[PDB]
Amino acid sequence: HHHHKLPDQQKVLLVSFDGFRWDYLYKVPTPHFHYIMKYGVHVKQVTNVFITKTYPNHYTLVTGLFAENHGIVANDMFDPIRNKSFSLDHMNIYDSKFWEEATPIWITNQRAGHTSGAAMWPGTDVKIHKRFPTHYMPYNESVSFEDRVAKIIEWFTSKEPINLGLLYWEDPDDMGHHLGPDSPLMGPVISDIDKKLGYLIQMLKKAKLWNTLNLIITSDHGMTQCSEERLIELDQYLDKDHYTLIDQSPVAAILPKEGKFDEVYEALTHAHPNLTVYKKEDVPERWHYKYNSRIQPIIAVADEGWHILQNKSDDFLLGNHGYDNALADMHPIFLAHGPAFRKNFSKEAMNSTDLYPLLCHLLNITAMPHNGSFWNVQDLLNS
C-alpha cells in the first residue's frame, strides 16, 4: 500500500546504429556496449528479414511484419499496380501509399493517447495513414548525433512527454561500405559509436531518465566483404534493352520488357555459379519475400560477398549487405537496459520480427497483427 500512486514508466527509446554487425562489439574495446550488457540484456545475433537492407528492416522493427507484408520490400522498388517508383538516391520516399500497407508503431502509440518522438528514423518524416510522429525531424544526414539526442531528451522531459523515442544514425553502415568490414580502419569507426553510445547514456543520466526508461540498442543489418574478384556482370549475359533493373545488388530485382521474360530468365539461370535466379513465384518461403505486387518478376540473389553490376567497369563498395538473412554477416546487434529488462542476461538468438510485440508490451498498447511472438522474447523481462 502506497499513499501516492507509483509511477508506471512504460517508456522506450529505440536506437538504431545502421549496419552494426553482431560481432563489431568484439573488433575493438566497447566499454559502453559492455556496460549495457553488464546491467541489461544482450542477444548475440539477431535474425533480420530478407532482403537485409536498411528500409525494409527498420520498418519490420516498427511493424513486426515480414517485408512482403509491410510493403517496404527494398530501398529501390517499383509499384506495377500504380506505376510509381520509390528510391533513396534522391530521397524519393514520401509517397505515403508505399508505406501504408502496414501501420508503424508510433501511429498505434498515438492512437492510444500517447505521444511519440522521432530523430531521423526511416519513415518518421513521411505522412503515413495521414499522420506523423507527435514530434519528428526532417531527414538530414548532416544533423549531428548530439543534436538528435538533444531533441529526444527534450521530448522526454517536456511538460507533455513522449513515451516512445526513435533514434537513428547512419554509421557504421556508411564507413563499413567504403572501408569494408575487414578493414582495420573500422576499429576507430566502431569505437566512435561506443563513444556516441556513452554520450547518450550520460545525457540520459543527466536528464534523470536512466532508471525510468527502457533503452534499446539495435540495428537493421550487418555487413560483408566484397571484392573485385567477386563481381557478376549483367552485360555479359543480358541486353540492357531487354529488361529494367529496379534494384541492383546483391538482390537484383529485374523487370523484363514485354515478351522478353523467357529470354531474360534463361540467360540468368545459366549465367553464374554464384547467382541464383528465382521466379517471383519460386522465391524460397523462408525469406517471406514473394506475396507482394512490388516483388519483381525475377529475383536474382548473389552469394555472400558477391556483387552484381551491369558493367564490370562500374563502381562498387568494399562492404555491402542485403544477402540471405540466414548469413551471420547480415545479423545485427541487440542490447537493452531499463527497469523492465533483466540485468546481466544474455540470449543466443532473437528474431527481429519479435521486437514489435515486445515494444507494444513495454508501452502497454495493443499490437497490430504481426509475424512475431512476444513469447519468444519474454525471457528478456523481469516478469
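Numbers for residues come from their place in the sequence shown, where the first is 1.
K.L.:
If you average the Cα B factors in the entry, which is higher, 273 to 281 or 307 to 315?
P.N.:
Mean CA B-factor is higher for 307 to 315.
K.L.:
So 221 to 229 or 91 to 99, which one's hotter by mean CA B-factor in the entry?
P.N.:
If you average the C-alpha B-factors of 221 to 229 and of 91 to 99, the larger mean comes out for 91 to 99.
K.L.:
Per the coordinate record, which of the options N75, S183, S191, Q236 holds the highest CA temperature factor?
P.N.:
Comparing C-alpha B-factors across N75, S183, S191, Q236, the maximum falls on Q236.
K.L.:
Taking the values straight from the PDB record, which of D324, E68, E348, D354 has the highest C-alpha temperature factor?
P.N.:
Answer for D324, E68, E348, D354: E348, with the highest C-alpha B-factor.
K.L.:
Within this chain's modelled residues, let me know which third the CA B factor of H32 belongs to: lowest, middle or highest.
P.N.:
Lowest third.
K.L.:
Should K343 be placed in the lowest, middle or highest third of its chain by the C-alpha B factor in the entry?
P.N.:
Answer is highest: the recorded C-alpha B-factor places it there.
K.L.:
Classify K11 as lowest, middle or highest third according to the C-alpha B-factor given in the PDB entry, relative to its own chain.
P.N.:
Answer is highest: the recorded C-alpha B-factor places it there.
K.L.:
According to the PDB entry, is the CA B factor of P161 in the bottom, middle or top third of its chain, that is, lowest, middle or highest?
P.N.:
Its C-alpha B-factor belongs to the highest third of this chain's values.
K.L.:
Comparing against every modelled residue in the chain, figure out the third that the C-alpha B-factor of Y59 lands in (lowest, middle or highest).
P.N.:
Lowest third, going by the recorded CA B-factors of the chain.
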